[PDB]
Each structure stands twice: as C-alpha cells, then as structure tokens.
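Chemist: Contents of target-v2.pdb (PDB, C-alpha atoms and all ligand atoms) are below:
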```pdb
ATOM      1  CA  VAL A  15     -19.549  21.980 -29.688
ATOM      2  CA  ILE A  16     -21.182  19.948 -26.906
ATOM      3  CA  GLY A  17     -24.644  21.498 -26.508
ATOM      4  CA  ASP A  18     -26.176  23.827 -29.105
ATOM      5  CA  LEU A  19     -26.773  26.949 -26.995
ATOM      6  CA  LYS A  20     -24.111  29.657 -27.218
ATOM      7  CA  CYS A  21     -23.609  30.707 -23.595
ATOM      8  CA  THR A  22     -20.453  32.785 -24.151
ATOM      9  CA  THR A  23     -18.771  34.893 -26.857
ATOM     10  CA  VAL A  24     -15.807  35.999 -24.718
ATOM     11  CA  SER A  25     -12.285  34.811 -25.641
ATOM     12  CA  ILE A  26     -13.186  31.904 -27.944
ATOM     13  CA  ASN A  27     -10.749  30.909 -30.716
ATOM     14  CA  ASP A  28     -10.004  28.021 -33.116
ATOM     15  CA  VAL A  29      -6.504  27.128 -31.884
ATOM     16  CA  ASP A  30      -5.224  23.531 -32.091
ATOM     17  CA  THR A  31      -3.260  22.654 -28.934
ATOM     18  CA  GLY A  32      -2.886  18.905 -29.555
ATOM     19  CA  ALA A  33      -4.807  15.671 -28.974
ATOM     20  CA  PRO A  34      -5.278  13.904 -25.589
ATOM     21  CA  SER A  35      -2.009  12.326 -24.427
ATOM     22  CA  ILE A  36      -1.665   8.568 -23.946
ATOM     23  CA  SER A  37      -0.356   7.196 -20.642
ATOM     24  CA  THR A  38       2.973   5.370 -20.812
ATOM     25  CA  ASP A  39       1.437   2.832 -18.403
ATOM     26  CA  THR A  40      -1.171   0.350 -19.636
ATOM     27  CA  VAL A  41      -4.268  -0.975 -17.845
ATOM     28  CA  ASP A  42      -3.098  -3.169 -14.956
ATOM     29  CA  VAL A  43      -5.868  -4.943 -13.034
ATOM     30  CA  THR A  44      -3.732  -7.287 -10.896
ATOM     31  CA  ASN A  45      -4.434  -5.605  -7.524
ATOM     32  CA  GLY A  46      -8.154  -5.124  -8.242
ATOM     33  CA  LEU A  47      -7.814  -1.793 -10.068
ATOM     34  CA  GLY A  48     -10.506  -1.542 -12.751
ATOM     35  CA  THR A  49     -12.959  -3.778 -10.889
ATOM     36  CA  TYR A  50     -15.978  -3.097  -8.674
ATOM     37  CA  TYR A  51     -17.829  -4.819  -5.838
ATOM     38  CA  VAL A  52     -20.805  -6.931  -6.879
ATOM     39  CA  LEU A  53     -24.169  -5.351  -6.069
ATOM     40  CA  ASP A  54     -25.918  -6.990  -3.073
ATOM     41  CA  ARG A  55     -23.324  -9.776  -3.023
ATOM     42  CA  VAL A  56     -20.707 -10.441  -0.345
ATOM     43  CA  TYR A  57     -17.992 -12.922  -1.328
ATOM     44  CA  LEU A  58     -15.653 -14.008   1.472
ATOM     45  CA  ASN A  59     -12.287 -15.807   1.292
ATOM     46  CA  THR A  60     -12.907 -17.059  -2.257
ATOM     47  CA  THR A  61     -12.160 -16.719  -5.981
ATOM     48  CA  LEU A  62     -14.908 -15.934  -8.499
ATOM     49  CA  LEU A  63     -15.300 -16.094 -12.278
ATOM     50  CA  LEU A  64     -17.953 -13.592 -13.374
ATOM     51  CA  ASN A  65     -18.989 -11.283 -16.214
ATOM     52  CA  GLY A  66     -19.098  -7.494 -15.904
ATOM     53  CA  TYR A  67     -18.177  -4.213 -17.557
ATOM     54  CA  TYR A  68     -14.416  -4.013 -17.200
ATOM     55  CA  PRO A  69     -11.410  -2.364 -18.848
ATOM     56  CA  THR A  70      -8.973  -4.497 -20.844
ATOM     57  CA  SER A  71      -5.619  -5.325 -19.242
ATOM     58  CA  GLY A  72      -2.801  -4.173 -21.536
ATOM     59  CA  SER A  73      -4.838  -1.387 -23.157
ATOM     60  CA  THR A  74      -4.235   2.382 -22.997
ATOM     61  CA  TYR A  75      -5.579   5.375 -21.046
ATOM     62  CA  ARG A  76      -6.182   8.819 -22.569
ATOM     63  CA  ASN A  77      -5.829  11.998 -20.493
ATOM     64  CA  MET A  78      -9.095  13.794 -21.252
ATOM     65  CA  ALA A  79      -8.542  16.649 -18.778
ATOM     66  CA  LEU A  80      -8.378  20.210 -20.116
ATOM     67  CA  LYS A  81      -7.149  23.275 -18.239
ATOM     68  CA  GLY A  82      -7.140  26.914 -19.324
ATOM     69  CA  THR A  83      -7.221  30.440 -17.918
ATOM     70  CA  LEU A  84      -9.192  32.680 -20.290
ATOM     71  CA  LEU A  85      -8.697  31.678 -23.939
ATOM     72  CA  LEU A  86     -10.676  28.594 -24.956
ATOM     73  CA  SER A  87     -10.617  26.835 -28.327
ATOM     74  CA  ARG A  88     -13.671  25.583 -30.236
ATOM     75  CA  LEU A  89     -11.598  22.486 -31.080
ATOM     76  CA  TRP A  90     -11.555  21.528 -27.384
ATOM     77  CA  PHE A  91     -15.311  20.872 -27.690
ATOM     78  CA  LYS A  92     -15.088  18.568 -30.710
ATOM     79  CA  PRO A  93     -13.686  15.063 -31.265
ATOM     80  CA  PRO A  94     -11.298  13.639 -30.108
ATOM     81  CA  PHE A  95     -12.248  15.381 -26.836
ATOM     82  CA  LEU A  96     -15.961  14.792 -27.341
ATOM     83  CA  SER A  97     -15.761  11.006 -27.352
ATOM     84  CA  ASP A  98     -17.884   7.893 -27.846
ATOM     85  CA  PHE A  99     -19.553   6.244 -24.848
ATOM     86  CA  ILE A 100     -20.464   2.665 -25.783
ATOM     87  CA  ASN A 101     -20.686   0.096 -22.969
ATOM     88  CA  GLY A 102     -18.918   2.393 -20.514
ATOM     89  CA  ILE A 103     -15.679   3.948 -19.274
ATOM     90  CA  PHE A 104     -13.215   3.460 -16.420
ATOM     91  CA  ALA A 105     -11.694   6.656 -15.048
ATOM     92  CA  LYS A 106      -8.589   7.408 -12.996
ATOM     93  CA  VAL A 107      -8.931  11.025 -11.874
ATOM     94  CA  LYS A 108      -6.080  12.972 -10.278
ATOM     95  CA  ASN A 109      -7.105  15.102  -7.316
ATOM     96  CA  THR A 110      -4.979  18.175  -8.035
ATOM     97  CA  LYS A 111      -4.096  19.811  -4.722
ATOM     98  CA  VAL A 112      -3.328  23.528  -4.543
ATOM     99  CA  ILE A 113      -2.237  25.341  -1.370
ATOM    100  CA  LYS A 114      -2.853  29.069  -0.883
ATOM    101  CA  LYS A 115      -2.315  30.879   2.441
ATOM    102  CA  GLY A 116      -2.489  27.651   4.486
ATOM    103  CA  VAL A 117      -5.626  26.317   2.782
ATOM    104  CA  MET A 118      -5.406  23.194   0.610
ATOM    105  CA  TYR A 119      -7.792  23.243  -2.355
ATOM    106  CA  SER A 120      -9.070  20.255  -4.333
ATOM    107  CA  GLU A 121      -9.463  20.518  -8.110
ATOM    108  CA  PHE A 122     -10.431  18.052 -10.838
ATOM    109  CA  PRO A 123     -12.632  18.065 -13.964
ATOM    110  CA  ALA A 124     -16.369  17.546 -14.232
ATOM    111  CA  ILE A 125     -17.661  14.994 -16.732
ATOM    112  CA  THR A 126     -20.861  14.876 -18.776
ATOM    113  CA  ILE A 127     -22.348  11.769 -20.414
ATOM    114  CA  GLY A 128     -25.282  12.016 -22.818
ATOM    115  CA  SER A 129     -26.434  11.728 -26.413
ATOM    116  CA  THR A 130     -27.029  15.095 -28.112
ATOM    117  CA  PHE A 131     -26.655  17.280 -24.981
ATOM    118  CA  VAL A 132     -29.892  19.043 -25.950
ATOM    119  CA  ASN A 133     -32.685  19.560 -23.384
ATOM    120  CA  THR A 134     -34.941  17.122 -25.260
ATOM    121  CA  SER A 135     -32.576  14.464 -23.887
ATOM    122  CA  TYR A 136     -31.171  13.586 -20.462
ATOM    123  CA  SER A 137     -27.518  14.269 -19.672
ATOM    124  CA  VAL A 138     -25.484  12.880 -16.775
ATOM    125  CA  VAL A 139     -23.243  15.412 -15.016
ATOM    126  CA  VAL A 140     -20.685  14.513 -12.333
ATOM    127  CA  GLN A 141     -19.241  17.703 -10.828
ATOM    128  CA  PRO A 142     -17.108  18.353  -7.723
ATOM    129  CA  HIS A 143     -17.867  21.138  -5.223
ATOM    130  CA  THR A 144     -15.648  22.420  -2.399
ATOM    131  CA  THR A 145     -15.893  24.843   0.523
ATOM    132  CA  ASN A 146     -13.699  25.863   3.458
ATOM    133  CA  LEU A 147     -15.403  25.176   6.799
ATOM    134  CA  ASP A 148     -13.502  26.217   9.945
ATOM    135  CA  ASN A 149     -10.145  26.017   8.106
ATOM    136  CA  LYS A 150     -10.851  22.521   6.752
ATOM    137  CA  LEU A 151     -11.868  21.825   3.150
ATOM    138  CA  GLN A 152     -15.064  19.868   2.502
ATOM    139  CA  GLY A 153     -15.765  18.075  -0.773
ATOM    140  CA  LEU A 154     -18.925  16.922  -2.521
ATOM    141  CA  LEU A 155     -19.509  15.114  -5.804
ATOM    142  CA  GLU A 156     -22.780  16.305  -7.329
ATOM    143  CA  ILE A 157     -24.288  13.798  -9.734
ATOM    144  CA  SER A 158     -27.399  14.733 -11.697
ATOM    145  CA  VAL A 159     -29.316  13.330 -14.671
ATOM    146  CA  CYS A 160     -31.366  16.146 -16.201
ATOM    147  CA  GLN A 161     -32.762  17.630 -19.412
ATOM    148  CA  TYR A 162     -30.021  20.271 -19.371
ATOM    149  CA  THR A 163     -29.693  22.956 -22.017
ATOM    150  CA  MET A 164     -25.950  22.283 -22.244
ATOM    151  CA  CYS A 165     -23.703  25.074 -23.518
ATOM    152  CA  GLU A 166     -21.650  24.798 -26.718
ATOM    153  CA  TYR A 167     -18.450  25.424 -24.743
ATOM    154  CA  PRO A 168     -19.186  24.010 -21.245
ATOM    155  CA  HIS A 169     -16.562  24.638 -18.559
ATOM    156  CA  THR A 170     -16.130  24.748 -14.787
ATOM    157  CA  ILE A 171     -14.008  27.098 -12.669
ATOM    158  CA  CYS A 172     -11.639  26.707  -9.713
ATOM    159  CA  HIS A 173     -12.311  27.773  -6.119
ATOM    160  CA  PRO A 174     -12.729  31.614  -6.033
ATOM    161  CA  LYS A 175      -9.602  32.016  -3.858
ATOM    162  CA  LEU A 176      -7.357  30.689  -6.650
ATOM    163  CA  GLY A 177      -8.546  33.358  -9.113
ATOM    164  CA  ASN A 178     -10.912  33.319 -12.090
ATOM    165  CA  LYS A 179     -11.081  35.160 -15.415
ATOM    166  CA  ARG A 180     -14.232  33.232 -16.357
ATOM    167  CA  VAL A 181     -17.534  32.264 -14.735
ATOM    168  CA  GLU A 182     -18.853  28.708 -14.336
ATOM    169  CA  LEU A 183     -20.992  28.070 -17.411
ATOM    170  CA  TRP A 184     -21.867  24.583 -18.653
ATOM    171  CA  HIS A 185     -25.652  24.843 -18.980
ATOM    172  CA  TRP A 186     -28.301  27.570 -19.101
ATOM    173  CA  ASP A 187     -31.748  26.834 -17.666
ATOM    174  CA  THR A 188     -33.756  29.623 -16.015
ATOM    175  CA  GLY A 189     -36.900  27.494 -15.613
ATOM    176  CA  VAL A 190     -37.531  24.157 -13.904
ATOM    177  CA  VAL A 191     -35.382  21.323 -15.278
ATOM    178  CA  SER A 192     -36.684  17.744 -15.330
ATOM    179  CA  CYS A 193     -34.277  15.380 -13.549
ATOM    180  CA  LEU A 194     -34.415  11.588 -13.204
ATOM    181  CA  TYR A 195     -31.759  11.608 -10.478
ATOM    182  CA  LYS A 196     -29.706  14.036  -8.402
ATOM    183  CA  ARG A 197     -27.738  14.014  -5.145
ATOM    184  CA  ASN A 198     -24.443  14.828  -3.457
ATOM    185  CA  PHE A 199     -21.860  12.247  -2.427
ATOM    186  CA  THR A 200     -18.927  12.984  -0.114
ATOM    187  CA  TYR A 201     -15.362  12.675  -1.353
ATOM    188  CA  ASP A 202     -12.047  12.733   0.505
ATOM    189  CA  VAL A 203     -10.331  16.041  -0.327
ATOM    190  CA  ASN A 204      -7.009  14.477   0.740
ATOM    191  CA  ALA A 205      -7.241  11.526  -1.687
ATOM    192  CA  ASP A 206      -4.560  11.222  -4.380
ATOM    193  CA  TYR A 207      -6.811   9.662  -7.026
ATOM    194  CA  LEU A 208     -10.529   9.091  -7.572
ATOM    195  CA  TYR A 209     -11.737   6.045  -9.504
ATOM    196  CA  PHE A 210     -14.993   5.724 -11.455
ATOM    197  CA  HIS A 211     -16.951   3.146 -13.414
ATOM    198  CA  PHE A 212     -19.674   4.557 -15.663
ATOM    199  CA  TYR A 213     -21.622   2.057 -17.763
ATOM    200  CA  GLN A 214     -25.021   1.335 -19.314
ATOM    201  CA  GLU A 215     -26.953  -1.950 -19.425
ATOM    202  CA  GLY A 216     -30.525  -2.530 -20.649
ATOM    203  CA  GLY A 217     -31.445   1.168 -20.654
ATOM    204  CA  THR A 218     -30.000   1.687 -17.167
ATOM    205  CA  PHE A 219     -26.985   3.885 -16.362
ATOM    206  CA  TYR A 220     -24.672   2.754 -13.535
ATOM    207  CA  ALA A 221     -22.082   4.659 -11.492
ATOM    208  CA  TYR A 222     -19.372   3.237  -9.213
ATOM    209  CA  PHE A 223     -16.781   5.196  -7.204
ATOM    210  CA  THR A 224     -13.936   5.031  -4.683
ATOM    211  CA  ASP A 225     -11.205   7.292  -3.321
ATOM    212  CA  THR A 226     -10.194   5.094  -0.363
ATOM    213  CA  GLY A 227      -8.870   2.146  -2.402
ATOM    214  CA  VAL A 228      -8.560   0.897  -5.990
ATOM    215  CA  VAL A 229     -11.830  -1.082  -6.156
ATOM    216  CA  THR A 230     -14.946   0.999  -6.862
ATOM    217  CA  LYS A 231     -18.270   0.750  -5.013
ATOM    218  CA  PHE A 232     -21.838   1.248  -6.285
ATOM    219  CA  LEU A 233     -23.144   4.815  -6.038
ATOM    220  CA  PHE A 234     -26.409   4.696  -7.997
ATOM    221  CA  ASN A 235     -28.272   3.551 -11.086
ATOM    222  CA  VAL A 236     -31.014   5.183 -13.178
ATOM    223  CA  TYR A 237     -33.352   4.011 -15.922
ATOM    224  CA  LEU A 238     -33.152   6.144 -19.060
ATOM    225  CA  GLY A 239     -34.977   3.954 -21.595
ATOM    226  CA  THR A 240     -32.491   5.280 -24.154
ATOM    227  CA  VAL A 241     -28.826   4.723 -25.047
ATOM    228  CA  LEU A 242     -26.095   7.228 -24.160
ATOM    229  CA  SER A 243     -23.651   7.769 -27.028
ATOM    230  CA  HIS A 244     -21.051  10.348 -25.945
ATOM    231  CA  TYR A 245     -18.978  11.555 -23.004
ATOM    232  CA  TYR A 246     -17.107  14.815 -22.439
ATOM    233  CA  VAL A 247     -14.646  15.849 -19.749
ATOM    234  CA  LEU A 248     -15.235  19.569 -19.211
ATOM    235  CA  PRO A 249     -12.408  22.122 -19.301
ATOM    236  CA  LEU A 250     -11.580  23.813 -16.007
ATOM    237  CA  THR A 251     -10.505  27.464 -16.089
ATOM    238  CA  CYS A 252      -8.425  29.105 -13.358
ATOM    239  CA  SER A 253      -6.006  32.026 -13.020
ATOM    240  CA  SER A 254      -3.738  29.755 -10.975
ATOM    241  CA  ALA A 255      -1.639  27.417 -13.115
ATOM    242  CA  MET A 256      -2.151  23.693 -12.463
ATOM    243  CA  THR A 257      -1.986  20.306 -14.187
ATOM    244  CA  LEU A 258      -5.140  18.180 -14.311
ATOM    245  CA  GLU A 259      -5.529  14.482 -15.117
ATOM    246  CA  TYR A 260      -8.652  12.556 -16.100
ATOM    247  CA  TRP A 261      -7.492   9.177 -17.442
ATOM    248  CA  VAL A 262     -10.107   7.261 -19.452
ATOM    249  CA  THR A 263     -10.156   3.709 -20.838
ATOM    250  CA  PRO A 264     -13.217   1.904 -22.287
ATOM    251  CA  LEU A 265     -15.317  -0.814 -20.647
ATOM    252  CA  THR A 266     -16.658  -3.891 -22.437
ATOM    253  CA  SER A 267     -18.418  -7.077 -21.291
ATOM    254  CA  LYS A 268     -15.597  -9.326 -20.058
ATOM    255  CA  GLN A 269     -14.985 -12.406 -17.921
ATOM    256  CA  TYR A 270     -12.796 -11.654 -14.900
ATOM    257  CA  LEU A 271     -11.316 -13.754 -12.111
ATOM    258  CA  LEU A 272     -11.763 -11.926  -8.795
ATOM    259  CA  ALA A 273     -10.146 -12.822  -5.474
ATOM    260  CA  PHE A 274     -11.874 -11.796  -2.232
ATOM    261  CA  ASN A 275     -10.154 -11.910   1.169
ATOM    262  CA  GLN A 276     -11.678 -12.898   4.542
ATOM    263  CA  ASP A 277     -13.210  -9.405   4.889
ATOM    264  CA  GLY A 278     -14.801  -9.572   1.418
ATOM    265  CA  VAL A 279     -12.294  -7.130  -0.062
ATOM    266  CA  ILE A 280     -11.070  -7.593  -3.649
ATOM    267  CA  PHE A 281      -7.269  -7.934  -3.607
ATOM    268  CA  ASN A 282      -6.568  -9.626  -6.955
ATOM    269  CA  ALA A 283      -8.057  -9.565 -10.457
ATOM    270  CA  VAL A 284      -7.331 -11.311 -13.758
ATOM    271  CA  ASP A 285      -8.663 -10.147 -17.130
ATOM    272  CA  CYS A 286      -9.071 -13.704 -18.417
ATOM    273  CA  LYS A 287      -8.939 -12.985 -22.155
ATOM    274  CA  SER A 288      -6.359 -10.145 -22.106
ATOM    275  CA  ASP A 289      -3.465 -12.494 -22.969
ATOM    276  CA  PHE A 290      -2.545 -16.200 -22.839
ATOM    277  CA  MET A 291      -0.939 -16.066 -19.370
ATOM    278  CA  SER A 292      -4.232 -14.690 -18.024
ATOM    279  CA  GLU A 293      -6.189 -17.397 -19.889
ATOM    280  CA  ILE A 294      -4.087 -20.066 -18.136
ATOM    281  CA  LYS A 295      -4.886 -18.506 -14.729
ATOM    282  CA  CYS A 296      -8.643 -18.502 -15.399
ATOM    283  CA  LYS A 297      -8.707 -22.010 -16.916
ATOM    284  CA  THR A 298      -7.098 -23.348 -13.715
ATOM    285  CA  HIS A 299     -10.504 -23.830 -12.015
ATOM    286  CA  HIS A 300     -11.614 -21.193  -9.436
ATOM    287  CA  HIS A 301     -15.443 -21.064  -9.660
TER     288      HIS A 301
HETATM  289  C1  LIG B   1     -25.152  19.588  -3.577
HETATM  290  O1  LIG B   1     -24.444  20.550  -2.820
HETATM  291  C2  LIG B   1     -24.255  21.782  -3.492
HETATM  292  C3  LIG B   1     -23.337  22.666  -2.652
HETATM  293  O2  LIG B   1     -23.869  22.849  -1.355
HETATM  294  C4  LIG B   1     -25.603  22.449  -3.803
HETATM  295  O3  LIG B   1     -25.400  23.552  -4.660
HETATM  296  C5  LIG B   1     -25.939  24.772  -4.110
HETATM  297  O4  LIG B   1     -27.341  24.882  -4.284
HETATM  298  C6  LIG B   1     -27.913  26.029  -3.676
HETATM  299  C7  LIG B   1     -29.432  25.970  -3.829
HETATM  300  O5  LIG B   1     -29.785  25.658  -5.161
HETATM  301  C8  LIG B   1     -27.322  27.309  -4.282
HETATM  302  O6  LIG B   1     -27.776  28.442  -3.570
HETATM  303  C9  LIG B   1     -25.793  27.285  -4.261
HETATM  304  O7  LIG B   1     -25.296  28.337  -5.057
HETATM  305  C10 LIG B   1     -25.238  25.956  -4.775
HETATM  306  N1  LIG B   1     -23.801  25.886  -4.562
HETATM  307  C11 LIG B   1     -22.960  25.356  -5.453
HETATM  308  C12 LIG B   1     -21.507  25.361  -5.080
HETATM  309  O8  LIG B   1     -23.316  24.876  -6.531
HETATM  310  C13 LIG B   1     -26.551  21.469  -4.503
HETATM  311  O9  LIG B   1     -27.859  21.996  -4.522
HETATM  312  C14 LIG B   1     -26.570  20.091  -3.844
HETATM  313  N2  LIG B   1     -27.283  19.170  -4.708
HETATM  314  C15 LIG B   1     -28.268  18.382  -4.283
HETATM  315  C16 LIG B   1     -28.890  17.502  -5.324
HETATM  316  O10 LIG B   1     -28.668  18.350  -3.118
HETATM  317  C1  LIG B   2     -10.336 -19.747   3.465
HETATM  318  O1  LIG B   2     -10.505 -20.699   2.431
HETATM  319  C2  LIG B   2      -9.421 -21.599   2.300
HETATM  320  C3  LIG B   2      -9.648 -22.464   1.063
HETATM  321  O2  LIG B   2      -9.327 -21.728  -0.098
HETATM  322  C4  LIG B   2      -9.287 -22.445   3.569
HETATM  323  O3  LIG B   2      -8.096 -23.201   3.517
HETATM  324  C5  LIG B   2      -9.272 -21.582   4.835
HETATM  325  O4  LIG B   2      -9.489 -22.405   5.960
HETATM  326  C6  LIG B   2     -10.326 -20.472   4.811
HETATM  327  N1  LIG B   2     -10.086 -19.536   5.896
HETATM  328  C7  LIG B   2     -11.047 -19.093   6.710
HETATM  329  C8  LIG B   2     -10.618 -18.130   7.777
HETATM  330  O5  LIG B   2     -12.230 -19.425   6.628
END
```
Can I see the file as structure tokens?
Modeler:
Amino acid sequence: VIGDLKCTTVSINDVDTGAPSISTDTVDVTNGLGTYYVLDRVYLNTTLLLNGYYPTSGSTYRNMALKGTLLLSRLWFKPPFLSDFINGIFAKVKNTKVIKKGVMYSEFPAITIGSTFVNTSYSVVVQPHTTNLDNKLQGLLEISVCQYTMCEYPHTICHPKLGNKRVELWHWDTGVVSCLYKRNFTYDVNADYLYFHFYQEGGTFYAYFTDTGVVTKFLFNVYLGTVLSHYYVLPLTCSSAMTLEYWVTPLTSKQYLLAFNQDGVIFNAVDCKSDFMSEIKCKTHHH
C-alpha cells in the first residue's frame, strides 16, 4: 500500500505480474541529458566543473510505469514499485500519444514523492491534465505539496474519450488540505519525452523539467523541514490499450563537466567519476 486509507474495494487482487523492466540502454550524459541549468547563473561559451545532483553515466533505468484497465494488484503498491527516494531521481517520461476520431490525446503517469503518505506528512504530487479546446489538445502539469490522505491503491485515469472502467482516486480529502506549494505548469502535448529532476537538499525539495530539449530547467523549490524517503509512480487505468514508460535512475552528489555554447545552452556533459576515460576529460583543466 501507499497511503493507509482504503478508497476502493472494487477489482483488487494479489496477482504478481513481474518487476519493473530494466532499459537495455544505460545512462548517457554526453549531450547534456541528465543535467540541468544552474539557478540564477548564465554561463556563456565556456566549460564548467561543478557539483550537483546528477545521475551516474553507465548506470541503469527502471521503467516504473504501470498500466491497467480494471483489475489492479495489491503488489503493484508495494516494493519494488514503491521505491526509495534518497538524494533524488532523474526521470525520462514517454508521452504516450493516442488518436481517436481525429483528436490526439496525451497520456503519462503521475508521480508521488513523500515519506509515509499519511496526512500528518506532506506529499509531492506531479500529475498531468489535458483538455480539448477548439480541436487542439492543451496540457498542464499540476504540482502540489500537501498533507494528502493518500489512498492505499492510488491511480489516475485516461481522458474520458478513451474509455474508463475506474474513477480517478489517489487521495480522499473532503475538508481543507494544507499545502506548502501548488500550481500548474504548461507542457507540450506534442513532445516525445518529458525529463525531470527531483531532489532534496537541506530540507528543501527541488523540481526541474523540460520537454523542448534534453537539459532540464528549474520549476520550483519548497522547504519541508523534513526528509522525503519514498517515491511512487501511480498506475494509470484506461479501457484503451496503451504502453506507458516512466524511466527512473537515481541522483547523487557528483562532479560534472558542463559545456555551454554562445547562447548559454548546455551541449555537452561529462560524469567525471563514472569511468577512467571521463576522469581524464575532467582532469584536463576546464575550470
Ligand atoms: C490546475 O488546472 C486544473 C485543470 O484546470 C485545475 O483542476 C480543476 O480544479 C477545479 C476547481 O477546483 C475543478 O472544478 C476541476 O474539476 C479541476 N479539473 C481537473 C482536471 O482536475 C486545478 O485546480 C489547477 N491547479 C491550480 C493549483 O491552479
Ligand atoms: C569563445 O571562447 C573561445 C575560447 O574557448 C574563444 O576562442 C572564442 O573567441 C569565444 N567566442 C566568442 C563568440 O566569444
């Protein structure tokens, strides 16, 4: 279970469907993938050695995405799906596109990051929303940090047009919920992949995002005064069959070599300590 409130009793079983699959491709940071722009700092036509919360080049991704229709397993809401959140995570999220009657729909999983997922604690929720306005799909990423009464089996649903056997049910709060942060961010419904950095430092949670390149940009930060310990990528239920991807690899404090072009755009990155060839590159001066 995620939270400790039973929100549903309909079509819940104890079926084992397998563990999260591992990508055949490892973490590759060469083009800037896995890095983010430095907050309030513009570097132009230069190379920079700096410390941040980065993935490790050569390491693996796990596909944490879960998709069902009606039947949901209790095991989907336990480890290894419910996972540890230490320093942070880097995410490569597939924007699954589905076309029905001339309308393209955008679908990908929501994620929650918290400790106990009980309303005596704050939980981070990053959830997509879509609507069709004048035959053109609009997309929003809703990010909130609230004392949610999270459900035991939290899940989202697809756009109503694609068909649903279940209702959206990931928390249950009929009163006023205390939130430290909440707002909507736009996302490109036509993007192939969305990239995220989520990390914590000195009691402060940070979020970075992009869907227009491979280098993420600062969205927001919030002071919690506590340490987050777990993350969970929520199942998405839909009557339409589709394949979802939410690739996750951990972040740790690492020294990277970043290359910025004349416009201040990151075009190259080296994970200095990932192997000896990278160590050579970083030892050869550059800041
Ligand atoms: C972000 O945008 C979404 C979608 O417009 C907002 O969610 C709606 O909130 C209203 C008022 O509470 C409800 O009547 C709708 O049912 C909600 N729609 C959906 C799809 O959830 C949300 O309030 C916005 N968040 C913030 C922080 O402004
Ligand atoms: C960029 O920096 C390099 C040194 O690494 C220098 O040769 C070049 O003149 C600079 N270009 C611009 C447009 O400032």
Chemist: Which residues are near ligand LIG 1 (chain B) in this structure, taking near to mean any atom at most 9 Å from a ligand atom and counting only C-alpha atoms and all ligand atoms? Format them as a PDB file with C-alpha atoms, in the coordinates of the input.
Modeler:
```pdb
ATOM      1  CA  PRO A 142     -17.108  18.353  -7.723  1.00  0.00           C
ATOM      2  CA  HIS A 143     -17.867  21.138  -5.223  1.00  0.00           C
ATOM      3  CA  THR A 144     -15.648  22.420  -2.399  1.00  0.00           C
ATOM      4  CA  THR A 145     -15.893  24.843   0.523  1.00  0.00           C
ATOM      5  CA  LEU A 154     -18.925  16.922  -2.521  1.00  0.00           C
ATOM      6  CA  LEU A 155     -19.509  15.114  -5.804  1.00  0.00           C
ATOM      7  CA  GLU A 156     -22.780  16.305  -7.329  1.00  0.00           C
ATOM      8  CA  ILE A 157     -24.288  13.798  -9.734  1.00  0.00           C
ATOM      9  CA  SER A 158     -27.399  14.733 -11.697  1.00  0.00           C
ATOM     10  CA  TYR A 195     -31.759  11.608 -10.478  1.00  0.00           C
ATOM     11  CA  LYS A 196     -29.706  14.036  -8.402  1.00  0.00           C
ATOM     12  CA  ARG A 197     -27.738  14.014  -5.145  1.00  0.00           C
ATOM     13  CA  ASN A 198     -24.443  14.828  -3.457  1.00  0.00           C
ATOM     14  CA  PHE A 199     -21.860  12.247  -2.427  1.00  0.00           C
TER      15      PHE A 199
END
```
Chemist: On this structure, the PyMOL selection byres (((chain A and resi 205) around 8) and not hetatm) would catch which residues? List them as a PyMOL selection string, sorted by chain and number.
Modeler: chain A and resi 109+202-204+206-208+225-226
Chemist: Taking C-alpha atoms for each residue, export the selection above as a PDB file, in the frame of the given file.
Modeler:
```pdb
ATOM      1  CA  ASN A 109      -7.105  15.102  -7.316  1.00  0.00           C
ATOM      2  CA  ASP A 202     -12.047  12.733   0.505  1.00  0.00           C
ATOM      3  CA  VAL A 203     -10.331  16.041  -0.327  1.00  0.00           C
ATOM      4  CA  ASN A 204      -7.009  14.477   0.740  1.00  0.00           C
ATOM      5  CA  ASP A 206      -4.560  11.222  -4.380  1.00  0.00           C
ATOM      6  CA  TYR A 207      -6.811   9.662  -7.026  1.00  0.00           C
ATOM      7  CA  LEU A 208     -10.529   9.091  -7.572  1.00  0.00           C
ATOM      8  CA  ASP A 225     -11.205   7.292  -3.321  1.00  0.00           C
ATOM      9  CA  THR A 226     -10.194   5.094  -0.363  1.00  0.00           C
TER      10      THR A 226
END
```
Chemist: May I have the residues within 7 Å of residue 60 in chain A as number ranges by chain, using only C-alpha atoms and disregarding those fewer than 4 positions away in the same chain?
Modeler: A: 273-275
Chemist: Mind listing whatever residues come within 7 Å of the point (-18.3, -8.5, -11.7)? Use only C-alpha atoms, file coordinates, and give them as a PyMOL selection string.
Modeler: chain A and resi 50-52+64-66
Chemist: Could you give me the centre and size, in Å to one decimal, of an axis-aligned box around all listed atoms of ligand LIG 2 (chain B) with 4 Å added on every side, as AutoDock Vina command-line options?
Modeler:
```
--center_x -10.2 --center_y -20.7 --center_z 3.8 --size_x 12.1 --size_y 13.1 --size_z 15.9
```
Chemist: Applied to this file, what does the PyMOL selection byres (((not hetatm)) within 12 of (chain B and resi 2)) return in terms of residues, put as number ranges by chain?
Modeler: A: 57-62, 273-278, 300-301
Chemist: CA of residue 255 in chain A and CA of residue 114 in chain A, how far apart in Å?
Modeler: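 About the pair CA of residue 114 in chain A and CA of residue 255 in chain A: they are 12.4 Å apart.
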Chemist: Between CA of residue 178 in chain A and CA of residue 16 in chain A, measure the distance and give it in Å to one decimal.
Modeler: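 Spanning CA of residue 178 in chain A to CA of residue 16 in chain A is a straight-line distance of 22.4 Å.
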Chemist: Just give me the gap between CA of residue 299 in chain A and CA of residue 46 in chain A in Å, one decimal is fine.
Modeler: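 Separation between CA of residue 299 in chain A and CA of residue 46 in chain A: 19.2 Å.
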Chemist: Step by step, work through what the PyMOL selection byres (((chain A and resi 44) around 9) and not hetatm) selects in the shown file, and finish by giving those residues as a PyMOL selection string.
Modeler: chain A and resi 42-43+45-47+71+281-285
Chemist: Point out the residue among A:130, A:141, A:146, A:35 with the least atom-to-atom distance to residue 15 in chain A, counting only C-alpha atoms.
Modeler: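 When distances to residue 15 in chain A are compared using only C-alpha atoms, the smallest one comes from A:130.
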Chemist: Counting all atoms listed in the file, which residues of range 69-119 of chain A sit at most 6 Å from some atom of range 247-251 of chain A, and what is each one's closest atom pair with its distance in Å to one decimal, listed by chain and rising residue number, as a tab-separated table?
Modeler:
```
residue	atom	partner	partner_atom	distance
A:80	CA	A:249	CA	4.5
A:81	CA	A:250	CA	5.0
A:82	CA	A:251	CA	4.7
A:83	CA	A:251	CA	4.8
```
